[PDB]
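Down below is the structure, laid out as structure tokens.
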Amino acid sequence: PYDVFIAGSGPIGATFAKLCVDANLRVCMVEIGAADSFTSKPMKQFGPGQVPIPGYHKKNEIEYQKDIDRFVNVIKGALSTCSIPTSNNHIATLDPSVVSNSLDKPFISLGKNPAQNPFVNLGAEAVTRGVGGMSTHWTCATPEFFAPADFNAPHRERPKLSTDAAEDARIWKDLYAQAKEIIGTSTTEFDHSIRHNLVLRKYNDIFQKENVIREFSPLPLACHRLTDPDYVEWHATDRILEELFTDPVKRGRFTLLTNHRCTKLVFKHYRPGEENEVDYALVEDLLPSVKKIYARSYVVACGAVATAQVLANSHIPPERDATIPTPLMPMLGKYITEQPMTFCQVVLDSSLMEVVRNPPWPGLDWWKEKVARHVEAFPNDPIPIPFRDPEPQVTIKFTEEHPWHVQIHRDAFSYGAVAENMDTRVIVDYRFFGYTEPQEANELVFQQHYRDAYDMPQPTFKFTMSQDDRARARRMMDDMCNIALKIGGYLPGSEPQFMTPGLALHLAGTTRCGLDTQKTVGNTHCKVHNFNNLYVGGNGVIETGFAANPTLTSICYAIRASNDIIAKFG
Amino acid sequence: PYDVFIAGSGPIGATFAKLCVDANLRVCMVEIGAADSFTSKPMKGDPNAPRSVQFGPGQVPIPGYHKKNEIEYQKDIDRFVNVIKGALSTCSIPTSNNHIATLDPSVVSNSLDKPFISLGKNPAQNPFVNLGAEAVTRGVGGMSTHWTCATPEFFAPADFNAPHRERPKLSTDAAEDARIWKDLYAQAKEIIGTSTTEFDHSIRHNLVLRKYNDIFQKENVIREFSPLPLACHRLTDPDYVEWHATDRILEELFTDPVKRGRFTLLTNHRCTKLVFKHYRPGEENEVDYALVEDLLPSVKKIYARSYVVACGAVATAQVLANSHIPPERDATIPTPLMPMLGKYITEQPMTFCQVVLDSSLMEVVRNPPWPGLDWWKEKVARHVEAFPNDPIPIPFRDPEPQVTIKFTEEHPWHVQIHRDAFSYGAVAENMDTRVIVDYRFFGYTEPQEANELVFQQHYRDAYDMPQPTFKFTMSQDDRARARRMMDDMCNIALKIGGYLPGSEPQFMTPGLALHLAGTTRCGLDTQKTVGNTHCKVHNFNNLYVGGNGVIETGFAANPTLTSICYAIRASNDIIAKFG
Amino acid sequence: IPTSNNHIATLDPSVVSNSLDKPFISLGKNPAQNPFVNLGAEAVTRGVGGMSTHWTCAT
Amino acid sequence: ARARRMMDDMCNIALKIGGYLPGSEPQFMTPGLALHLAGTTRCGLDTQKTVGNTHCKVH
Ligand SMILES: *Cc1cc2c(cc1C)Nc1c([nH]c(=O)[nH]c1=O)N2C[C@H](O)[C@H](O)[C@H](O)COP(=O)(O)OP(=O)(O)OC[C@H]1O[C@@H](n2cnc3c(N)ncnc32)[C@H](O)[C@@H]1O
Ligand SMILES: *Cc1cc2c(cc1C)Nc1c([nH]c(=O)[nH]c1=O)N2C[C@H](O)[C@H](O)[C@H](O)COP(=O)(O)OP(=O)(O)OC[C@H]1O[C@@H](n2cnc3c(N)ncnc32)[C@H](O)[C@@H]1O
Ligand SMILES: *Cc1cc2c(cc1C)Nc1c([nH]c(=O)[nH]c1=O)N2C[C@H](O)[C@H](O)[C@H](O)COP(=O)(O)OP(=O)(O)OC[C@H]1O[C@@H](n2cnc3c(N)ncnc32)[C@H](O)[C@@H]1O
Ligand SMILES: OC[C@H]1O[C@@H](O)[C@H](O)[C@@H](F)[C@@H]1O
Ligand SMILES: OC[C@H]1O[C@@H](O)[C@H](O)[C@@H](F)[C@@H]1O
Ligand SMILES: OC[C@H]1O[C@@H](O)[C@H](O)[C@@H](F)[C@@H]1O
Ligand SMILES: [Mn+2]
Ligand SMILES: [Mn+2]
Ligand SMILES: [Mn+2]
Ligand SMILES: [Mn+2]
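Residue numbers (our numbering), protein chains in the order written: chain A, 363 to 932; chain B, 32 to 610; chain C, 8 to 66; chain D, -17 to 41.
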């Protein structure tokens, strides 16, 4: 038997694999999707003594470094919508002899969820299936979560790991330091971008003179600029898995089964509230069947929706709208949280081009030389910013006084048609993410009689944000308009707007882990209550309402859980 | 050093690689793009192989795999349109200076006399003579990693001196030409893995094929409907298909250690230009070396006994144009060493529509009239039992139709009646996908000298190669055929269904077929060709071309299979001369 | 209303078309108007009452 | 400069009582849409810079 079985090969599952292998444990990881993105590294380019490493970021391919607007297509092709409501719309202009729906015989459409109420849905919530999970397309933003000065403040982003405030703080500090190294967070990789510096420095100058000061800083990113500074390597699961492929000793302790579905775990017994154990994982090989995989410990790291889906499916030992009850894990799927998001784009003020030509800040000879050079080579370009200058990567850290997360940047995930007519150097994006309070009645439940395309129980969302959440969302939209208009004016088609619920993909709380046993699925080590050898990972473990991007904080938890596993099962 | 240098790793370059390595020659292939789509196969002779798991020890990754083979896309095929749009880089986009009236008046703006300057728009391009949807894919396997896999033969008329033919002449003797093509086509179908039977137990395919033959067998002009030949095979789990791509061609160059030893594939390596022994027109000449650039974080000379440019129809001409510069702002690169380079280009006008199947055909699905269709009745019975309330009795996941009408000179176009991963508008949110059927009719254009691809001296693409510009105007005869084709499509479509809102009969943008041909055209008439019928470039003993750019005729059918035939023919010349 | 000469890529190839050098002549467009210095939505109403037969009546 | 201030004021004021209706988010309209074109026959005290006097008699 393996020492550790892991379902899922995203960055969290990879963290478990890496840490467990480094501690001399034998690990078997199942991934339901395909290894579809690779780099290569030499053994301790895809020819001789080099080894192929999957879970590489798709954006690292030179074609997307050159024509970055093409990458929206990658992301749209990677995302599979979780819950799509049925509908029965009349199509008036059909040819009258063709197949048609009617009031009494609607179409029955493969893939839709008849149980979903569209008014309580997270309609843009989605999943990516493949080695690396969502990390093969993500934006790589890795902020820390906010912790208030007072450990008993009414709200915090950063969960509590201890009732002892000073220990909690020291533990998080080092965890965040470790998770930064695992994923390779940096704040300096745009420090020689004109656009980045223009936006950062102008905003700080403006907000120093405003009646309420706001601090702008570089968005921390999991990436590194390459020796040819036109290119950036964005980090993904390949960085975490690397030595499991390139070190022959580690490679010998790691098995990765791709196109394998973890269908469910089978338990010693099905009695709620008594000590229990996983007996085996039931796994199906999806290519052209069923395997029991035995290990001493089991980790479900399938992302926020699918981790709960696996655990719900496991309640079934081996009215049409009935859901699977989950009394062995009563808090499964409860208290779920997602982030409201507002968006707009602006075109920079024409007066800022004078700033580009004559910047007032010291230490900027590098910028002066890039502008002078471009100006001399393209005297008729109305924009003096060099052609390939990187986009801005600016944030304002969450505070309780302005309790949302701000990104002022350019993202590969566009939301409508490129502006054919505007030059891309002068466009800036704003995404502002809010938080939702965890509430028991906000839920992810799984259908007994409808299944997804991979024959797993269909997820259904029952999400309604609170009055306080709505009041903050109004303030956030007001903040975005005010901030955006300081440096530019709205680009047509990207005026200030809310996006579809779920579109942030930051769903959390579906397998919530914390100190309060009766309201969580697992403890602070992510061990599921009453199971001696079952652990969860991913954003689903995060029990607080937060606004910042969660993956770094999720990796902290993966570290913790791996060390518990090592402690117990090494 | 190397016996053969190959620029390009699409299915044509791969064909040269496979055949040459099979003949014990040492091959170096450069590919400007990345290996980005893989499968894994056991490595022959590796102690791990018998028990191995995909992408484990001792399997080897094989690039150029079809992206549509991921189960994600076999289950959600409408998502694949995004893969296709992600893979296509448009060749020539005209500049424009449109006024945006609703900009905030404080922001950066274009003006009449100070337009924005965009990298990679082409100021030299006249939009009215463009192939504005012509595009390329840079990656291992080229476009074969997303293609639709249709592999028909080209039409050869009964009379060898008929005015028009799809299939080019390889000999002046009619009988030798026919024998040559018969052997090449057999070999090309085995290389790519063509089959006509992979949809034979789809209700939708069978419905569409049988109905149309029943209708047109009765009409006073008979039209014959047949399965579209497809480079694919259905898997032992019939819910999946393995679509074929360059991985099938290269497989043994990665799984066989003896072959792997003779093959080197350098990815993110641009062939910038070939450098010639000399630069005098009309004189015997040869390639000295290939100038290659590693584009990853440099400039290297690669020597071989023979050189193959298989970079697709546009890029092959681009590499050869740029090789004219040894080591008025709208001036193009003259190409006097290869005077027919980029002349006589052809492309396929295309009409498109979709229909919804007639309600009356659902009764045919429940009670097919044709004898011996027990398999169909069984599938339908299973579905109606599981989903008695479903108005559509076709089973979920029944495969799409895959039907064609072979080109004939009486109706001189290529028909596909199918469902294609390349959707052109928004998916139909309200209509069930089981009852939708697509129609793509492709015409041909006559080769004319004045139709050309040229390359800009002062403008470059994103990979620092000379910018392509098209000067393309179809002929009067090409236009009259296009109208007849549109008319035929409307007539044929409406026999089994009605147009789906949003996909009513329409022409598509010039270039969308991506069947550009004739840019390095090869044939018997030396004076009007870039290469001979072995695709050896005139006046160079050691330079060959491949791809759809070699095809010298006006054709309507999908060209890949015929391009493979030329690759075999050319490889054999290489092997006989240099191996 | 400024003149324009935009290419329509998807016309049926047998139909009447503009070209680079032979644009349509569209009566009532203004060849002298620079679009970037226009008041493009400026308009008149001809009829008894002029604009007062549709205006919002804010005074 | 005044138009940017005005856009900001509009966003601030609108959000005090409601939220933007999809499709009618804050935007500038095409110049001339107000139909409040003026000064084409300007009347005033300064004879050298007007068309008419303060009684609108043409000079
Ligand atoms: C798509 C996306 C995602 C993110 C960004 C932008 C875009 C468009 N931006 C972003 C994000 N997060 C950040 O913190 N900062 C950024 O700037 N994105 C989200 C981020 O990508 C996720 O938070 C992260 O991957 C979460 O990692 P994880 O917990 O490992 O989960 P994944 O979803 O990545 O991978 C899970 C994995 O398990 C597989 N699976 C699912 N079900 C099964 C079963 N039954 N058996 C076996 N395997 C299963 C999935 O296929 C998947 O690979
Ligand atoms: C995209 C597309 C393509 C086709 C269909 C559908 C779609 C959406 N469907 C289809 C086609 N063909 C048919 O016969 N039947 C169908 O059902 N499609 C076209 C087909 O895909 C092409 O005909 C075929 O690949 C051509 O093969 P090729 O001649 O080998 O050319 P490629 O373009 O595939 O690959 C060339 C290759 O060379 C590289 N390159 C370009 N420039 C350079 C330089 N300078 N140095 C090195 N390498 C270079 C490319 O990047 C590319 O990989
Ligand atoms: C169309 C409209 C206009 C107004 C608002 C809403 C809408 C959509 N709302 C509005 C406006 N004005 C306000 O102060 N507040 C409101 O809430 N609108 C504009 C207002 O409607 C005009 O300012 C007003 O009519 C102007 O009055 P006018 O100076 O009398 O000019 P008109 O354009 O109304 O009438 C001129 C008139 O003369 C005719 N004409 C033009 N050329 C000739 C020649 N050569 N020969 C003879 N007659 C001529 C016209 O045809 C017209 O009827
Ligand atoms: O929609 C794109 C956004 O998606 C979110 O998942 C990311 O965390 C942001 F960084 C990103 O801007
Ligand atoms: O545009 C998609 C079409 O493009 C062409 O490249 C293919 O040959 C067709 F089979 C396909 O239907
Ligand atoms: O566009 C309608 C607007 O146009 C103007 O002509 C009027 O003065 C405004 F009151 C009215 O709301
Ligand atoms: Mn929400
Ligand atoms: Mn710890
Ligand atoms: Mn611990
Ligand atoms: Mn054409």
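The C-beta atom is built at its ideal place from N, Cα and C for all residues, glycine as well.
Open item on the list: Using only CA atoms, which one of 322/B, 510/B, 67/B and 481/B lies nearest to residue 356/B?
Closed with: 322/B
Task: Simplified DSSP state of residue 473/B, which is helix, strand or coil - done: strand
Open item on the list: What would DSSP say about residue 758/A, mapped onto helix, strand or coil?
Closed with: strand
Open item on the list: Buried or exposed for residue 44/C, going by 16 or more other Cβ atoms inside 10 Å?
Closed with: exposed
Task: Contacting residues, own chain, Cβ-Cβ under 7 Å from residue 429/B (five flanking each side not counted) - done: 233, 234, 235 and 465
Task: Uninterrupted beta strand (DSSP E) stretches inside the region 856 to 932 of chain A (no shorter than 3 residues) - done: 896 to 898
- [ ] Give the DSSP-derived three-state secondary structure of residue 526/A in the structure shown.
- [x] coil
TODO: Look at the Cβ atom of residue 921/A, then the Cβ atom of residue 623/A, and state whether they are nearer than 8 Å.
DONE: no
Task: Cutoff 8 Å: residue 30/D Cβ touching any chain A Cβ - done: no
- [ ] Give the DSSP bridge partners of residue 60/B, in chain order.
- [x] 37/B and 296/B
Task: Partners in chain C for residue 4/D, counting only beta-carbon separations shorter than 8 Å - done: Those do not exist, as residue 4/D stays about 23 Å from chain C at its closest Cβ, beyond 8 Å.
Task: Under the three-state DSSP convention, the category residue 317/B falls into - done: coil
Task: Cβ-heavy atom distance, residue 544/B to ligand 6, below 7 Å - done: no
Open item on the list: For a quick check, are the C-beta atoms of residue 170/B and residue 65/B less than 8 Å apart?
Closed with: yes
Task: Span of the alpha helix (DSSP H), counted from its first residue to its last, around residue 599/A - done: 599 to 608
Open item on the list: Between residue 479/B and chain C, is the shortest Cβ-Cβ distance under 8 Å, so that the two count as touching?
Closed with: no
- [ ] Can you grab the Cα-Cα spacing for the pair residue 216/B / residue 578/B, in whole Å?
- [x] 15 Å
Task: Beta-carbon gap between residue 545/B and residue 250/B smaller than 8 Å - done: no
Task: Where residue 488/A sits in the DSSP three-state scheme - done: strand
Open item on the list: For residue 548/A, list the residues DSSP reports as bridge partners.
Closed with: 583/A
Task: chain D contacts from the region 36 to 48 of chain C (Cβ-Cβ distance under 9 Å) - done: 45, 46, 47 and 48
Task: Cross-chain neighbours of residue 840/A in chain D, by beta carbon under 8 Å - done: -7, -6 and -3
Task: C-alpha distance - residue 0/D paired with residue 389/A, whole-angstrom precision - done: 54 Å
Open item on the list: For a test of the three-state rule: what should DSSP assign to residue 936/A, helix, strand or coil?
Closed with: Here chain A covers residues 363 to 932 and nothing more, so residue 936/A does not appear.
Open item on the list: Please tell me whether residue 707/A and residue 790/A are closer than 8 Å, where the distance is taken between their beta carbons.
Closed with: yes
Open item on the list: Among the candidates 674/A, 542/A, 477/A and 471/A, whose CA atom is the shortest distance from the CA of residue 503/A?
Closed with: 542/A
Task: Inside the region 106 to 177 of chain B only - alpha helix (DSSP H) runs reaching at least 4 residues - done: 111 to 118
- [ ] Starting from residue 330/B, trace the beta strand (DSSP E) both ways and give me its first and last residue.
- [x] 330 to 333
Open item on the list: Given this structure, state the Cα-to-Cα distance separating residue 540/A from residue 500/A, to the nearest angstrom.
Closed with: 20 Å
- [ ] Can you grab the Cα-Cα spacing for the pair residue 2/D / residue 254/B, in whole Å?
- [x] 58 Å
- [ ] Would you verify that the beta carbon of residue 137/B is, or is not, closer than 8 Å to some beta carbon of chain D?
- [x] yes
Task: 8 Å Cβ cutoff, residue 65/C in contact with chain B - done: no
Open item on the list: Can you check whether the C-beta of residue 24/D is within less than 8 Å of a C-beta belonging to chain A?
Closed with: no
Task: residue 475/A, buried or exposed, once every other Cβ within 10 Å from all chains shown has been counted against 16 - done: buried
TODO: Note down the Cα distance separating residue 137/B from residue 744/A, rounded to an integer number of angstroms.
DONE: 14 Å
Open item on the list: I'd like the list of long-range same chain contacts for residue 717/A, defined as Cβ closer than 8 Å, with 5 residues on each side in sequence excluded.
Closed with: 560 and 564
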